[PDB]
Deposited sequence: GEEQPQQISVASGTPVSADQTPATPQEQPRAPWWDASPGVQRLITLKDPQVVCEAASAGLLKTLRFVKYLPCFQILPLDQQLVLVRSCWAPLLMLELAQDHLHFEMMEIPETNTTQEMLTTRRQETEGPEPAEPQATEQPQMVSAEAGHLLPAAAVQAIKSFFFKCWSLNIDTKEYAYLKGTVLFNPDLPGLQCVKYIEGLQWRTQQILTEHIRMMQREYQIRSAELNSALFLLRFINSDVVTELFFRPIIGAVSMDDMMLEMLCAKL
């Protein structure tokens, strides 16, 4: 079946995500207000990026507990990632691309993140050339999955995976406790 188990594996995924982010030097060096911003947005895409990586195989039949194409976007994305054979290294930079997004509203450290994204693409363009050849083709392939990700929503995710567990709590409140808890 779907509900308790996937939501559990999904929730596990959220932790691993935040642990990843939290330990980044370029990240933990930021003030909390700013750390909180980044995370209060990217958490949704980033979770998706993790779950694709752990090859999450879920299917929710439906024989406020459905939207329609919304749950499709997720599968489509997963499959795209899979069909592209992404190594742990690329995943890591992909997450980086999402995380360091200077456009996010509420940032005050725009310029700082500019450079972080820059280096993010830098170390990536480098890895690509390292592994196999080209960079014109593989770049488009990656941006391909990223583009397919921007259409996920962050209301659907929380509802599909977390509402069963979290119940009646603001996901945004959760992040704060997570930027502090465990570790």
property	result
Deposited-sequence stretches lacking C-alpha coordinates, listed in sequence order	1 to 46, 110 to 148
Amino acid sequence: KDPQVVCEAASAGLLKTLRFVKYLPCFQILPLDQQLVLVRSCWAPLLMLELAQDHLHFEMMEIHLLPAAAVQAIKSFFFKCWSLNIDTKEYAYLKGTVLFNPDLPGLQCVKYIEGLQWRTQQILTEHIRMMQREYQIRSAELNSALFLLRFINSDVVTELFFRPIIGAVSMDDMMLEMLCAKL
From here on, numbers count along this sequence of modelled residues.
property: Per the entry, higher mean C-alpha B factor between 144 to 152 and 129 to 137; result: 129 to 137
property: Stretch with the higher entry mean CA B-factor, where the candidates are 167 to 175 and 7 to 15; result: 167 to 175
property: Identity of residue with top Cα B-factor, from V39, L30, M61, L49; result: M61
property: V157 CA temperature factor, ranked by third within the chain; result: middle
property: Lowest, middle or highest third - CA B-factor, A44; result: lowest
property: Ranked against its chain, the third holding the CA B-factor of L104; result: highest
property: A69 by Cα B-factor - lowest, middle or highest third of the modelled chain; result: highest
property: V98 - Cα temperature factor, lowest/middle/highest third of chain; result: lowest
